[PDB]
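Enquirer: Here it is, the structure in full.
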Amino acid sequence: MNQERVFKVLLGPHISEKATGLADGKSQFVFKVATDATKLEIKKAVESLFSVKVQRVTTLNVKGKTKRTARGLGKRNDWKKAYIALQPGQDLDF
Amino acid sequence: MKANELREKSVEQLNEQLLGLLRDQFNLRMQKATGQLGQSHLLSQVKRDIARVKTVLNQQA
Amino acid sequence: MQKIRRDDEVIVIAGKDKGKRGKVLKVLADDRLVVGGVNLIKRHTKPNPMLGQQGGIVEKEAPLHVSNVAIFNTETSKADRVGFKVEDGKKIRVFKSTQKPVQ
Amino acid sequence: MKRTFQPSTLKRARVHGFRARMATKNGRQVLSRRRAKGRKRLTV
Amino acid sequence: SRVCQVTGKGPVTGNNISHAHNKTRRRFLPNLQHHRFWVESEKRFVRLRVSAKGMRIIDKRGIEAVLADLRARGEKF
RNA sequence: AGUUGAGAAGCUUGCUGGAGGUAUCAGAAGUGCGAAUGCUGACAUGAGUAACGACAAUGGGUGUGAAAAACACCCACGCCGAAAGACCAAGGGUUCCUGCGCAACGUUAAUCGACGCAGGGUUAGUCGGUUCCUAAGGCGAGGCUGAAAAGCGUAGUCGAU
RNA sequence: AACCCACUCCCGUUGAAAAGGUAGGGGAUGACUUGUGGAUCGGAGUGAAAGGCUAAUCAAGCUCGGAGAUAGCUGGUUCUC
RNA sequence: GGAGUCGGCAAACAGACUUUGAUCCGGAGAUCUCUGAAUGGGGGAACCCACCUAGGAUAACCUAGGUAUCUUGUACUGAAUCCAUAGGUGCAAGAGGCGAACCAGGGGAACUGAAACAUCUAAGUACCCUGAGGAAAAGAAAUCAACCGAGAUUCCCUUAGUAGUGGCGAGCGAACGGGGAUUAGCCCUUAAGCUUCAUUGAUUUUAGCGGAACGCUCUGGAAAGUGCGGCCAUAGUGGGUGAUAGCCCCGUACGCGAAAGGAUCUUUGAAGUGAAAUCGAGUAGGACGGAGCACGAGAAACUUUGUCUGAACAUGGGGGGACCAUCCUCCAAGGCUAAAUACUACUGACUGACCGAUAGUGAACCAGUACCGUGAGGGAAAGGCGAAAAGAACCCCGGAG
Ligand SMILES: [Mg+2]
Ligand SMILES: [Mg+2]
Ligand SMILES: [Mg+2]
Ligand SMILES: [Mg+2]
Ligand SMILES: [Mg+2]
Ligand SMILES: [Mg+2]
Ligand SMILES: [Mg+2]
Ligand SMILES: [Mg+2]
Ligand SMILES: [Mg+2]
Ligand SMILES: [Mg+2]
Ligand SMILES: [Mg+2]
Ligand SMILES: [Mg+2]
Ligand SMILES: [Mg+2]
Ligand SMILES: [Mg+2]
Ligand SMILES: [Mg+2]
Ligand SMILES: [Mg+2]
Ligand SMILES: [Mg+2]
Ligand SMILES: [Mg+2]
Ligand SMILES: [Mg+2]
Ligand SMILES: [Mg+2]
Ligand SMILES: [Mg+2]
Ligand SMILES: [Mg+2]
Ligand SMILES: [Mg+2]
Ligand SMILES: [Mg+2]
Ligand SMILES: [Mg+2]
Ligand SMILES: [Mg+2]
Ligand SMILES: [Mg+2]
Ligand SMILES: [Mg+2]
Ligand SMILES: [Mg+2]
Ligand SMILES: [Mg+2]
Ligand SMILES: [Mg+2]
Ligand SMILES: [Mg+2]
Ligand SMILES: [Mg+2]
Ligand SMILES: [Mg+2]
Ligand SMILES: [Mg+2]
Ligand SMILES: [Mg+2]
Ligand SMILES: [Mg+2]
Ligand SMILES: [Mg+2]
Ligand SMILES: [Mg+2]
Ligand SMILES: [Mg+2]
Ligand SMILES: [Mg+2]
Ligand SMILES: [Mg+2]
Ligand SMILES: [Mg+2]
Ligand SMILES: [Mg+2]
Ligand SMILES: [Mg+2]
Ligand SMILES: [Mg+2]
Ligand SMILES: [Mg+2]
Ligand SMILES: [Mg+2]
Ligand SMILES: [Mg+2]
Ligand SMILES: [Mg+2]
Ligand SMILES: [Mg+2]
Ligand SMILES: [Mg+2]
Ligand SMILES: [Mg+2]
Ligand SMILES: [Mg+2]
Ligand SMILES: [Mg+2]
Ligand SMILES: [Mg+2]
Ligand SMILES: [Mg+2]
Ligand SMILES: [Mg+2]
Ligand SMILES: [Mg+2]
Ligand SMILES: [Mg+2]
Ligand SMILES: [Mg+2]
Ligand SMILES: [Mg+2]
Ligand SMILES: [Mg+2]
Ligand SMILES: [Mg+2]
Ligand SMILES: [Mg+2]
Ligand SMILES: [Mg+2]
Ligand SMILES: [Mg+2]
Ligand SMILES: [Mg+2]
Ligand SMILES: [Mg+2]
Ligand SMILES: [Mg+2]
Ligand SMILES: [Mg+2]
Ligand SMILES: [Mg+2]
Ligand SMILES: [Mg+2]
Ligand SMILES: [Mg+2]
Ligand SMILES: [Mg+2]
Ligand SMILES: [Mg+2]
Ligand SMILES: [Mg+2]
Ligand SMILES: [Mg+2]
Ligand SMILES: [Mg+2]
Ligand SMILES: [Mg+2]
Ligand SMILES: [Mg+2]
Ligand SMILES: [Mg+2]
Ligand SMILES: [Mg+2]
Ligand SMILES: [Mg+2]
Ligand SMILES: [Mg+2]
Ligand SMILES: [Mg+2]
Ligand SMILES: [Mg+2]
Ligand SMILES: [Mg+2]
Ligand SMILES: [Mg+2]
Ligand SMILES: [Mg+2]
Ligand SMILES: [Mg+2]
Ligand SMILES: [Mg+2]
Ligand SMILES: [Mg+2]
Ligand SMILES: [Mg+2]
Ligand SMILES: [Mg+2]
């Protein structure tokens, strides 16, 4: 993968109560990634930027909610989410 | 950063101007996600600075 | 080029504030101006505690049409019309009555 | 009682789909007729 | 399809008129058969779908001259 | 409202309205409505009348609340149980969970909801696809046929049940 | 029995339902029932044949054009003397 | 250009940009995801799976290019078969699809009218299909006239609803001759003309610049209105500004303007084409079955051809409405050719004894939308506070309604 793609796969961390508990209980962090990022690319970008060692990545696609307005039906974008598991002891700074 | 001084550099010097800018944009995306970004204008400013470099880097060929 | 510019000394012709003088503060779109100290209004705002705190009754100027004012010529102490003098290198606005540049 | 419309997405696409209109020339006149009217859908 | 190879004769249309003068659409088709022509120079037979009028033209001009005209307009046989 | 003509109609004024109207004589007409089981909206009568969708069934206590037959919890009754329980496929598409709400929707009320607003939620080498193979059938380089569009079909490549 | 069907009565007919329900009824290892995919159609298809079925439409579907078809037939046709 | 700006519904709150020239407008360029003729192979359009070449990474790839089919040309190559033919590869050039109408062709109805209905009409219309162009087609007499003459094609007005034609019914319908719009001809002993270039000049188009002349008074929330007196005019019935403005703003008459693109017309050089080689033979003429000529077999001439035949060579051949004789007039079987003519989906300016929200487009509004249908397809309703949001602070009843 070229040197451009490293900075373009990760779209930032995902903030929720479930991600907060995962990061503490079992060292598993949740990220927002590009809709075409593969597990191999996500694993390499985290290793290259955050200077941690990644063992497994599980990924899922999320549908965009549809909100009904006075002008008809409108929907938000579809995004992609990844759960990244690290070594038993090490954290991921920001 | 203007396009006048971008044409004072070589193709060798123009390819870490882009790498530095791309890393700079990445740090801004991370701040925007966590809500600790007050300099809202920096997001679009770096977007046009990347596109400016890619144009000059193409006028050479 | 604009016949009426920001921070100009003008006099109001036509309207309730006719005869008054002031400085131009803003030049809005759709041919409207905001002259400081004239065409004052009162606006009452309900102070919802959420999303910041709000007050009571505020004082502010209201816009008026750009053709209801005129440049005040401090040579005859009365309103005049402007024109764009033929340029040696740049347009200069001058008074029609006296053929002198505006300041 | 059994009604006339029994949905199936596979059979919907193979009779009224985009690639089914483009196969025959009479189906290509249907697509161009809907483009002229200005239809938003244009396909099933 | 049903067109003479050497003259381009094709189907045309017309009417059938009865004794009470009722008219119905019909067609007139060329009288075209399959035939093999021995090309003396080429040392081989050539098969065409020519009408009986095209067989008379090949008599008058030869198969060498008729074939060259077919080649010119790309009418591969 | 008053008045004037034989009539279609004209004239003058009170109140409302808040910016346009057109004498006279001519010229042009999308020129006059009660009917067409006329067309489009609004509103009556029937009439506060029928009905409120399986005849398994409900009774108390407590809580919240502006307000409780219907919401939540407790005690006690009934009903299904080769289903009215549980799970796959099709089909649907956020209806799933949480906080805040009750205008409209719910054939009654609603503090409740498959309803409104906002946030969250779906993690696979082994599960189902895709990838490999073909059935019926389809398309089909050349080809053969056909006024033209085109029809049939070989090599081939699609097509799961 | 499940499943497929529809012989009788009553209810319902502004229906719970533009063809149902409760009670009884026929077949139920076969000329059986059924899921998925595919083929045949408008003077054409399919039919153990009722002129039946071909999207609640059938002695010739639906849709858009010829088209404002034609109507010696009904209806209607607006201010004053 | 010359001071504000970060598109609208659509407002608020934040971050900012700039006279060291922003936002904005015009010319040129760069980027240009997936789908669609879609073209590397498939496919349920917006998806799935690849191969080859070059360079770069060492791991489970990246960047940048090629890989459809057919036609024409070209190089190599090679079956039955000896030679070579069919075939097979590799390179180039071209096409493909869309578009409201106009044009040239291929196929081609019925309702209806005839107060029934077959011939006939409707009508070579509707529709389907193919091809080209900014126009297309046709065009330089084997044409007419009538013993006098005209002189290519196309379009308009007459001749004329006439001569004809017609179950001689309903109907269809010329030409000769006149008046006009346009003006042009050139070649097969190789030409006009047309394209593509490279030059010589001019004009237009894509943005802009200057653009004159009014004060006082009364009513009024507000003058442009009342009254009095002036000024400008190649600019005086434009738009809107707090009620009705030549002199308040934007404009208007009139003049100026283009770094750079497009287009048109002119010179003058090049190449290609025109182009069919050599004046026209399976052609003219003929018989049978149709079509077109206004002309429906009729005394029925002329053009065209599905079947079958078939001349002469300027002392020769075609036509002059059956046919013959005499006269007159043209030279078919090879080509190219502008203008006058047809249309408008699209762009600009101006205008209207056109509409004013049940009207005018189906659509003034987020309309080919909502909704209806498996689909093709059908198809709505819905404008206005005020000059300016100054859009109602604060108190009271009520569920923080
Ligand atoms: Mg997964
Ligand atoms: Mg979206
Ligand atoms: Mg007939
Ligand atoms: Mg009155
Ligand atoms: Mg007005
Ligand atoms: Mg009048
Ligand atoms: Mg009327
Ligand atoms: Mg009446
Ligand atoms: Mg009425
Ligand atoms: Mg009536
Ligand atoms: Mg009446
Ligand atoms: Mg009625
Ligand atoms: Mg009525
Ligand atoms: Mg009532
Ligand atoms: Mg009663
Ligand atoms: Mg009663
Ligand atoms: Mg009752
Ligand atoms: Mg009941
Ligand atoms: Mg009931
Ligand atoms: Mg009930
Ligand atoms: Mg209880
Ligand atoms: Mg209680
Ligand atoms: Mg109850
Ligand atoms: Mg029990
Ligand atoms: Mg699904
Ligand atoms: Mg919802
Ligand atoms: Mg729920
Ligand atoms: Mg709640
Ligand atoms: Mg209720
Ligand atoms: Mg209540
Ligand atoms: Mg909800
Ligand atoms: Mg396979
Ligand atoms: Mg097969
Ligand atoms: Mg096929
Ligand atoms: Mg083929
Ligand atoms: Mg396969
Ligand atoms: Mg397969
Ligand atoms: Mg399977
Ligand atoms: Mg069943
Ligand atoms: Mg039966
Ligand atoms: Mg029965
Ligand atoms: Mg029965
Ligand atoms: Mg009984
Ligand atoms: Mg039984
Ligand atoms: Mg029963
Ligand atoms: Mg038995
Ligand atoms: Mg099927
Ligand atoms: Mg079919
Ligand atoms: Mg039919
Ligand atoms: Mg019978
Ligand atoms: Mg039948
Ligand atoms: Mg039916
Ligand atoms: Mg019929
Ligand atoms: Mg039909
Ligand atoms: Mg009618
Ligand atoms: Mg008709
Ligand atoms: Mg009547
Ligand atoms: Mg009356
Ligand atoms: Mg493609
Ligand atoms: Mg393909
Ligand atoms: Mg492809
Ligand atoms: Mg084409
Ligand atoms: Mg024809
Ligand atoms: Mg007929
Ligand atoms: Mg008549
Ligand atoms: Mg008749
Ligand atoms: Mg009749
Ligand atoms: Mg009859
Ligand atoms: Mg006819
Ligand atoms: Mg062209
Ligand atoms: Mg031409
Ligand atoms: Mg002539
Ligand atoms: Mg003579
Ligand atoms: Mg006769
Ligand atoms: Mg100007
Ligand atoms: Mg001026
Ligand atoms: Mg007013
Ligand atoms: Mg004015
Ligand atoms: Mg004034
Ligand atoms: Mg040629
Ligand atoms: Mg000749
Ligand atoms: Mg010859
Ligand atoms: Mg002949
Ligand atoms: Mg003959
Ligand atoms: Mg004839
Ligand atoms: Mg003949
Ligand atoms: Mg002949
Ligand atoms: Mg002749
Ligand atoms: Mg003759
Ligand atoms: Mg000639
Ligand atoms: Mg020509
Ligand atoms: Mg309307
Ligand atoms: Mg109105
Ligand atoms: Mg409408
Ligand atoms: Mg639908």
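Labels for the structure tokens follow display order: chains A, B, ..., residues from 1 in each chain, ligands from 1.
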Enumerate as an NGL selection string the residues within 10 Å of ligand 26, counting only C-alpha atoms (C1' of nucleotides) and all ligand atoms.

Expert: (:A and (65-68)) or (:F and (94-95 or 114-116))

Enquirer: Residues of the last selection are to be written out with N, CA and C atoms (P, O5', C5', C4', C3', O3' and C1' of nucleotides), as a PDB file, in the first residue's frame.

Expert:
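What follows is the written file result02.pdb:
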```pdb
ATOM      1  N   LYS A  65     -29.410   5.690   8.636  1.00  0.00           N
ATOM      2  CA  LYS A  65     -30.788   5.863   9.065  1.00  0.00           C
ATOM      3  C   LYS A  65     -31.548   6.761   8.105  1.00  0.00           C
ATOM      4  N   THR A  66     -32.834   6.477   7.961  1.00  0.00           N
ATOM      5  CA  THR A  66     -33.723   7.253   7.112  1.00  0.00           C
ATOM      6  C   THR A  66     -34.604   8.131   7.987  1.00  0.00           C
ATOM      7  N   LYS A  67     -34.552   9.438   7.761  1.00  0.00           N
ATOM      8  CA  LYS A  67     -35.370  10.396   8.489  1.00  0.00           C
ATOM      9  C   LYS A  67     -36.368  11.023   7.529  1.00  0.00           C
ATOM     10  N   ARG A  68     -37.631  11.055   7.933  1.00  0.00           N
ATOM     11  CA  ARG A  68     -38.706  11.547   7.085  1.00  0.00           C
ATOM     12  C   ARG A  68     -38.971  13.014   7.389  1.00  0.00           C
TER      13      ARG A  68
ATOM     14  P     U F  94     -37.094   1.954   7.364  1.00  0.00           P
ATOM     15  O5'   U F  94     -36.900   2.019   8.937  1.00  0.00           O
ATOM     16  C5'   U F  94     -37.569   1.114   9.805  1.00  0.00           C
ATOM     17  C4'   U F  94     -36.837   0.976  11.118  1.00  0.00           C
ATOM     18  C3'   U F  94     -36.021   2.195  11.546  1.00  0.00           C
ATOM     19  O3'   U F  94     -36.079   2.344  12.961  1.00  0.00           O
ATOM     20  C1'   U F  94     -34.612   0.312  11.395  1.00  0.00           C
ATOM     21  P     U F  95     -37.396   2.918  13.669  1.00  0.00           P
ATOM     22  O5'   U F  95     -38.178   1.606  14.091  1.00  0.00           O
ATOM     23  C5'   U F  95     -39.515   1.666  14.543  1.00  0.00           C
ATOM     24  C4'   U F  95     -40.210   0.342  14.367  1.00  0.00           C
ATOM     25  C3'   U F  95     -39.649  -0.829  15.152  1.00  0.00           C
ATOM     26  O3'   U F  95     -40.094  -0.836  16.497  1.00  0.00           O
ATOM     27  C1'   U F  95     -40.177  -1.491  12.933  1.00  0.00           C
ATOM     28  P     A F 114     -42.471   1.276  20.858  1.00  0.00           P
ATOM     29  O5'   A F 114     -42.790   1.276  19.306  1.00  0.00           O
ATOM     30  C5'   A F 114     -43.331   0.115  18.695  1.00  0.00           C
ATOM     31  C4'   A F 114     -43.354   0.215  17.195  1.00  0.00           C
ATOM     32  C3'   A F 114     -44.437   1.117  16.624  1.00  0.00           C
ATOM     33  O3'   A F 114     -43.998   1.616  15.362  1.00  0.00           O
ATOM     34  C1'   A F 114     -44.805  -1.080  15.898  1.00  0.00           C
ATOM     35  P     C F 115     -43.377   3.088  15.220  1.00  0.00           P
ATOM     36  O5'   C F 115     -44.582   4.054  15.597  1.00  0.00           O
ATOM     37  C5'   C F 115     -45.437   4.588  14.599  1.00  0.00           C
ATOM     38  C4'   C F 115     -45.962   5.943  14.997  1.00  0.00           C
ATOM     39  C3'   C F 115     -44.916   7.024  15.215  1.00  0.00           C
ATOM     40  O3'   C F 115     -44.476   7.633  14.016  1.00  0.00           O
ATOM     41  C1'   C F 115     -46.400   7.009  17.035  1.00  0.00           C
ATOM     42  P     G F 116     -42.969   8.164  13.894  1.00  0.00           P
ATOM     43  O5'   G F 116     -42.955   9.516  14.727  1.00  0.00           O
ATOM     44  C5'   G F 116     -43.614  10.685  14.266  1.00  0.00           C
ATOM     45  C4'   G F 116     -43.225  11.883  15.094  1.00  0.00           C
ATOM     46  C3'   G F 116     -41.732  12.093  15.275  1.00  0.00           C
ATOM     47  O3'   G F 116     -41.136  12.754  14.177  1.00  0.00           O
ATOM     48  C1'   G F 116     -42.795  12.243  17.369  1.00  0.00           C
TER      49        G F 116
END
```

Enquirer: Do you know which residues are at most 8 Å from residue 247 (chain H) counting only C-alpha atoms (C1' of nucleotides), after dropping those on the same chain fewer than 5 positions away, and could you put them as a list in words?

Expert: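 These residues fall inside the cut-off: residues 213, 214, 231 and 232 of chain H.
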
Enquirer: So which residues touch residue 20 (chain A) within 9 Å, counting only C-alpha atoms (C1' of nucleotides), skipping near sequence neighbours fewer than 4 positions away, as a list in words?

Expert: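 My reading of the contact set: residues 15, 16, 24, 25, 29 and 30 of chain A.
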
Enquirer: Can I get the residues close to ligand 19 as a PDB file with C-alpha atoms (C1' of nucleotides), in the first residue's frame, where close means within 12 Å and we count only C-alpha atoms (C1' of nucleotides) and all ligand atoms?

Expert:
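What follows is the written file result01.pdb:
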```pdb
ATOM      1  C1'   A F  51     -71.055   0.591  14.533  1.00  0.00           C
ATOM      2  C1'   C F  52     -66.327   0.351  17.908  1.00  0.00           C
ATOM      3  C1'   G F  53     -63.641  -6.333  14.020  1.00  0.00           C
ATOM      4  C1'   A F  54     -64.257 -13.502  16.828  1.00  0.00           C
ATOM      5  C1'   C F  55     -68.489 -14.510  23.084  1.00  0.00           C
TER       6        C F  55
ATOM      7  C1'   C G  11     -75.328 -16.508   9.563  1.00  0.00           C
ATOM      8  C1'   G G  12     -73.281 -12.524   7.113  1.00  0.00           C
ATOM      9  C1'   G G  15     -69.871  -7.918   5.619  1.00  0.00           C
ATOM     10  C1'   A G  16     -64.494  -9.356  10.142  1.00  0.00           C
ATOM     11  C1'   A G  17     -64.173 -10.785   4.227  1.00  0.00           C
ATOM     12  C1'   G G  21     -67.368 -18.420   9.273  1.00  0.00           C
TER      13        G G  21
END
```

Enquirer: Would you return as a ChimeraX atom specification the members of region 36-76 of chain A that DSSP assigns to alpha helix (DSSP H) on this structure's backbone?

Expert: /A:39-50

Enquirer: Would you save the residues from that selection as a PDB file, in the first residue's frame, using N, CA and C atoms?

Expert:
```pdb
ATOM      1  N   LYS A  39      -9.353  -5.544   6.218  1.00  0.00           N
ATOM      2  CA  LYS A  39      -8.740  -5.851   7.507  1.00  0.00           C
ATOM      3  C   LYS A  39      -7.224  -5.768   7.435  1.00  0.00           C
ATOM      4  N   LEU A  40      -6.638  -6.190   6.313  1.00  0.00           N
ATOM      5  CA  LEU A  40      -5.187  -6.124   6.171  1.00  0.00           C
ATOM      6  C   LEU A  40      -4.697  -4.682   6.167  1.00  0.00           C
ATOM      7  N   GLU A  41      -5.417  -3.789   5.487  1.00  0.00           N
ATOM      8  CA  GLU A  41      -5.018  -2.386   5.468  1.00  0.00           C
ATOM      9  C   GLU A  41      -5.211  -1.729   6.827  1.00  0.00           C
ATOM     10  N   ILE A  42      -6.337  -1.999   7.489  1.00  0.00           N
ATOM     11  CA  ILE A  42      -6.591  -1.403   8.797  1.00  0.00           C
ATOM     12  C   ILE A  42      -5.517  -1.819   9.789  1.00  0.00           C
ATOM     13  N   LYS A  43      -5.094  -3.080   9.730  1.00  0.00           N
ATOM     14  CA  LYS A  43      -4.076  -3.571  10.650  1.00  0.00           C
ATOM     15  C   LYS A  43      -2.742  -2.877  10.421  1.00  0.00           C
ATOM     16  N   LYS A  44      -2.405  -2.597   9.163  1.00  0.00           N
ATOM     17  CA  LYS A  44      -1.116  -1.981   8.862  1.00  0.00           C
ATOM     18  C   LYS A  44      -1.104  -0.501   9.210  1.00  0.00           C
ATOM     19  N   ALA A  45      -2.222   0.192   8.997  1.00  0.00           N
ATOM     20  CA  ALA A  45      -2.271   1.618   9.294  1.00  0.00           C
ATOM     21  C   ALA A  45      -2.170   1.882  10.789  1.00  0.00           C
ATOM     22  N   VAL A  46      -2.843   1.075  11.607  1.00  0.00           N
ATOM     23  CA  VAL A  46      -2.755   1.259  13.051  1.00  0.00           C
ATOM     24  C   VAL A  46      -1.340   0.989  13.537  1.00  0.00           C
ATOM     25  N   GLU A  47      -0.701  -0.050  13.005  1.00  0.00           N
ATOM     26  CA  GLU A  47       0.658  -0.369  13.423  1.00  0.00           C
ATOM     27  C   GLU A  47       1.626   0.738  13.035  1.00  0.00           C
ATOM     28  N   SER A  48       1.419   1.353  11.871  1.00  0.00           N
ATOM     29  CA  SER A  48       2.348   2.361  11.373  1.00  0.00           C
ATOM     30  C   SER A  48       2.191   3.702  12.075  1.00  0.00           C
ATOM     31  N   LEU A  49       0.971   4.078  12.451  1.00  0.00           N
ATOM     32  CA  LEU A  49       0.705   5.395  13.018  1.00  0.00           C
ATOM     33  C   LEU A  49       0.724   5.408  14.542  1.00  0.00           C
ATOM     34  N   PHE A  50       0.070   4.447  15.184  1.00  0.00           N
ATOM     35  CA  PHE A  50      -0.096   4.469  16.631  1.00  0.00           C
ATOM     36  C   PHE A  50       0.987   3.704  17.379  1.00  0.00           C
TER      37      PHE A  50
END
```

Enquirer: Enumerate as an MDAnalysis selection string the residues belonging to chain B that approach chain H to within 9 Å, with only C-alpha atoms (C1' of nucleotides) taken into account.

Expert: chainID B and resid 38:42 55 58:59

Enquirer: Could you list, as a PDB file with N, CA, C and O atoms (P, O5', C5', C4', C3', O3' and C1' of nucleotides), in the first residue's frame, all residues that come within 10 Å of ligand 75? Count only C-alpha atoms (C1' of nucleotides) and all ligand atoms.

Expert:
```pdb
ATOM      1  N   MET C   1     -18.739  51.132 -10.598  1.00  0.00           N
ATOM      2  CA  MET C   1     -18.218  51.194  -9.241  1.00  0.00           C
ATOM      3  C   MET C   1     -19.307  51.760  -8.336  1.00  0.00           C
ATOM      4  O   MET C   1     -20.193  52.467  -8.806  1.00  0.00           O
ATOM      5  N   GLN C   2     -19.261  51.427  -7.048  1.00  0.00           N
ATOM      6  CA  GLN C   2     -20.313  51.840  -6.129  1.00  0.00           C
ATOM      7  C   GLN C   2     -20.268  53.341  -5.890  1.00  0.00           C
ATOM      8  O   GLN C   2     -19.209  53.905  -5.607  1.00  0.00           O
ATOM      9  N   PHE C  84     -17.951  59.474 -11.684  1.00  0.00           N
ATOM     10  CA  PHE C  84     -16.645  58.834 -11.800  1.00  0.00           C
ATOM     11  C   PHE C  84     -15.822  59.623 -12.808  1.00  0.00           C
ATOM     12  O   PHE C  84     -16.034  59.521 -14.018  1.00  0.00           O
TER      13      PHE C  84
ATOM     14  P     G H 208     -20.115  41.345 -17.720  1.00  0.00           P
ATOM     15  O5'   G H 208     -19.083  42.342 -17.026  1.00  0.00           O
ATOM     16  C5'   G H 208     -19.189  43.750 -17.167  1.00  0.00           C
ATOM     17  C4'   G H 208     -17.850  44.365 -17.491  1.00  0.00           C
ATOM     18  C3'   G H 208     -17.786  45.881 -17.447  1.00  0.00           C
ATOM     19  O3'   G H 208     -17.570  46.368 -16.137  1.00  0.00           O
ATOM     20  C1'   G H 208     -16.820  45.116 -19.459  1.00  0.00           C
ATOM     21  P     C H 209     -18.295  47.707 -15.644  1.00  0.00           P
ATOM     22  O5'   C H 209     -17.612  48.849 -16.511  1.00  0.00           O
ATOM     23  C5'   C H 209     -16.247  49.176 -16.315  1.00  0.00           C
ATOM     24  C4'   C H 209     -15.852  50.416 -17.075  1.00  0.00           C
ATOM     25  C3'   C H 209     -16.816  51.583 -17.009  1.00  0.00           C
ATOM     26  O3'   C H 209     -16.744  52.310 -15.798  1.00  0.00           O
ATOM     27  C1'   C H 209     -16.142  51.268 -19.234  1.00  0.00           C
ATOM     28  P     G H 210     -18.066  52.998 -15.204  1.00  0.00           P
ATOM     29  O5'   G H 210     -18.170  54.368 -16.001  1.00  0.00           O
ATOM     30  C5'   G H 210     -17.091  55.285 -16.010  1.00  0.00           C
ATOM     31  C4'   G H 210     -17.294  56.369 -17.036  1.00  0.00           C
ATOM     32  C3'   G H 210     -18.622  57.102 -16.988  1.00  0.00           C
ATOM     33  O3'   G H 210     -18.691  58.093 -15.980  1.00  0.00           O
ATOM     34  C1'   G H 210     -18.142  56.517 -19.212  1.00  0.00           C
ATOM     35  P     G H 211     -20.090  58.393 -15.253  1.00  0.00           P
ATOM     36  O5'   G H 211     -21.109  58.632 -16.449  1.00  0.00           O
ATOM     37  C5'   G H 211     -21.128  59.862 -17.157  1.00  0.00           C
ATOM     38  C4'   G H 211     -22.128  59.833 -18.284  1.00  0.00           C
ATOM     39  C3'   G H 211     -23.586  59.762 -17.877  1.00  0.00           C
ATOM     40  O3'   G H 211     -24.112  61.023 -17.519  1.00  0.00           O
ATOM     41  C1'   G H 211     -23.172  58.179 -19.568  1.00  0.00           C
ATOM     42  P     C H 250     -26.492  54.258  -9.522  1.00  0.00           P
ATOM     43  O5'   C H 250     -27.346  53.099 -10.197  1.00  0.00           O
ATOM     44  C5'   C H 250     -27.210  51.754  -9.774  1.00  0.00           C
ATOM     45  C4'   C H 250     -28.056  50.825 -10.604  1.00  0.00           C
ATOM     46  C3'   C H 250     -27.850  50.884 -12.106  1.00  0.00           C
ATOM     47  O3'   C H 250     -26.698  50.202 -12.560  1.00  0.00           O
ATOM     48  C1'   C H 250     -30.156  50.885 -11.639  1.00  0.00           C
ATOM     49  P     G H 251     -26.066  50.584 -13.984  1.00  0.00           P
ATOM     50  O5'   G H 251     -27.147  50.070 -15.034  1.00  0.00           O
ATOM     51  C5'   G H 251     -27.380  50.749 -16.259  1.00  0.00           C
ATOM     52  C4'   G H 251     -28.842  50.715 -16.624  1.00  0.00           C
ATOM     53  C3'   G H 251     -29.204  51.206 -18.016  1.00  0.00           C
ATOM     54  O3'   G H 251     -29.023  50.210 -19.008  1.00  0.00           O
ATOM     55  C1'   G H 251     -30.653  52.189 -16.428  1.00  0.00           C
TER      56        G H 251
END
```

Enquirer: What residues of the protein or nucleic acid chains come within 9 Å of ligand 42 when you use only C-alpha atoms (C1' of nucleotides) and all ligand atoms? Reply as a ChimeraX atom specification.

Expert: /G:6-8

Enquirer: Got a sec to check which residues lie within 8 Å of ligand 66, using only C-alpha atoms (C1' of nucleotides) and all ligand atoms, and send them as an MDAnalysis selection string?

Expert: chainID H and resid 112:117

Enquirer: Which neighbours of residue 30 (chain F) fall inside 12 Å, counting only C-alpha atoms (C1' of nucleotides), when residues of the same chain fewer than 5 positions from it are skipped, and could you give them as a count of residues only?

Expert: 3

Enquirer: Which residues are near ligand 87 in this structure, taking near to mean any atom at most 8 Å from a ligand atom and counting only C-alpha atoms (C1' of nucleotides) and all ligand atoms? Format them as a list in words.

Expert: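 The residues within 8 Å of ligand 87, counting only C-alpha atoms (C1' of nucleotides) and all ligand atoms, are residues 282, 283, 285, 286, 309 and 310 of chain H.
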
Enquirer: Provide as a list in words the residues of chain F at most 10 Å from chain E, counting only C-alpha atoms (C1' of nucleotides).

Expert: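 That gives the following set of residues: residues 145, 146 and 147 of chain F.
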
Enquirer: Collect all residues with atoms no farther than 8 Å from ligand 81, counting only C-alpha atoms (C1' of nucleotides) and all ligand atoms, and output them as a PDB file with C-alpha atoms (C1' of nucleotides), in the first residue's frame.

Expert:
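After the write, selection-v2.pdb holds the following:
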```
ATOM      1  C1'   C H 279     -19.278   9.066 -74.822  1.00  0.00           C
ATOM      2  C1'   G H 280     -22.073   4.425 -72.176  1.00  0.00           C
ATOM      3  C1'   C H 331     -28.890  12.400 -78.283  1.00  0.00           C
ATOM      4  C1'   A H 332     -30.688   7.566 -73.025  1.00  0.00           C
ATOM      5  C1'   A H 333     -28.127   3.494 -71.249  1.00  0.00           C
ATOM      6  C1'   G H 334     -21.083   7.767 -67.175  1.00  0.00           C
TER       7        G H 334
END
```
